[PDB]
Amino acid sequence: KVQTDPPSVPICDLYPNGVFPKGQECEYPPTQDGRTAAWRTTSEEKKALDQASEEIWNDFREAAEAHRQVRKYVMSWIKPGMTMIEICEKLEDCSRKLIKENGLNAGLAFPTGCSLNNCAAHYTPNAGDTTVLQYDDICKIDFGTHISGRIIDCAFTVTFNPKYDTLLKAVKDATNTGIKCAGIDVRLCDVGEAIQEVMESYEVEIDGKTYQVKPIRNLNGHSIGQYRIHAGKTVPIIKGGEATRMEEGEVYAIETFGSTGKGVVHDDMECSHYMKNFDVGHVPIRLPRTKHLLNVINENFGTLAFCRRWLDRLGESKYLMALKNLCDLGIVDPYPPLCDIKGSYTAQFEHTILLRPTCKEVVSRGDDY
């Protein structure tokens, strides 16, 4: 079918067949020896294997298409003057429609991160936040969608002042380098090393000061699992990491962060992000308020991340203490904003890739980034 200017037509209605557009497909990187992998996108044994998980790939694609159309729409109206809340509500309303939100079967994978300046991630406004987007602000729009738990974790950076251009370019190039180096049997530490090489190859000048872009060392990429945004493996963006290898059938979020500060982040500001620990099982709770809140989370989010605004919209009131109890019990983990030093600028770019038996698919790739 056809999408209305302001996106409103759910993605599955634009593809009645049930088959969604594939992302960018690439040949796996050749081995150190010089061994090519073009045989994978050919081997009958791999082909059947890949086709066997087609429904899965397809679900990732449905979510990726939603992500592509939502972000394009956002890039058309995001502007200084708007509050962070106005920005997140407008984005999420469109996302809910295009993904055709349906309980845990289809919806938003996590809250809309819109971290500003020295803060690189995990910031989304809570109720009452009067923060307004400024002309010189560098905002990281990081939002996700999912179908049946197949998560699309994709992100980009927003600026209005050209002075940040090379900084954005550096991080974008670094993220793309990480995407190219990634592959079946590729060592994670090699990906991180390669990413840092590109990142540090860039130098920038902002308001009279020059800087060699630094990747944020304590931030990183990660493997993705069903309903588990952080499956267990990590993709470093600096050298010195694990020699652990990426494997066939795995899904990864290739994300990098560049900064003009220390290249290190720390918790800062009021927490807005929360997510149930995946490994913790059922826990009996008598405390009335804490019990109800946990039930609401299990029903509406499962192991998917959420924020306070999402609790508010569900009619929940005065739940902070109950939420703190859940955190203290280790049932829910808080994810406060991660920021570099005051006055520093940070940028981010992220894509979700599928390590298919036949090829490497950058499922969330768009004509934008």
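One-based numbering along the sequence shown.
J.: Are coordinates for residue 344 absent in a third or more of the other compared PDB entries?
T.: Modelled in all the others, so no.
J.: May I ask whether residue 38 is missing from the deposited models in at least a third of the other compared entries?
T.: Yes; at least one third of the other entries leave residue 38 out.
J.: Select between 261-269 and 123-131 the stretch whose C-alpha atoms have the higher average B-factor in the entry.
T.: In the deposited entry, the stretch with the higher C-alpha B-factor mean is 261-269.
J.: For the C-alpha atoms alone, is the average B factor greater in 226-234 or in 295-303, going by the entry?
T.: Going by the record's values, the stretch with the higher mean is 226-234.
J.: Would you mind checking which of 221, 113, 284, 81 has the top Cα temperature factor in the PDB entry?
T.: Among 221, 113, 284, 81, the highest C-alpha B-factor in the entry belongs to 284.
J.: From 67, 324, 342, 308, can you pick the one with the highest C-alpha B factor in the entry?
T.: Checking the PDB record, the top C-alpha B-factor among 67, 324, 342, 308 is at 342.
J.: Among the chain's modelled residues, which third holds the C-alpha B-factor of residue 330?
T.: Its C-alpha B-factor belongs to the middle third of this chain's values.
J.: Taking the entry's C-alpha B-factors for this chain, is residue 140 in the lowest, middle or highest third?
T.: Within its chain, residue 140 is a lowest-third residue by C-alpha B-factor, going by the deposited values.
J.: How does the C-alpha B factor of residue 278 compare with the rest of the chain: lowest, middle or highest third?
T.: Tercile = highest for this residue's CA B-factor.
J.: Tell me, lowest, middle or highest third: where does the Cα B factor of residue 54 rank within its chain?
T.: Within its chain, residue 54 is a highest-third residue by C-alpha B-factor, going by the deposited values.
J.: What third of its chain's C-alpha B-factors does residue 34 belong to: lowest, middle or highest?
T.: Top third by C-alpha B-factor.
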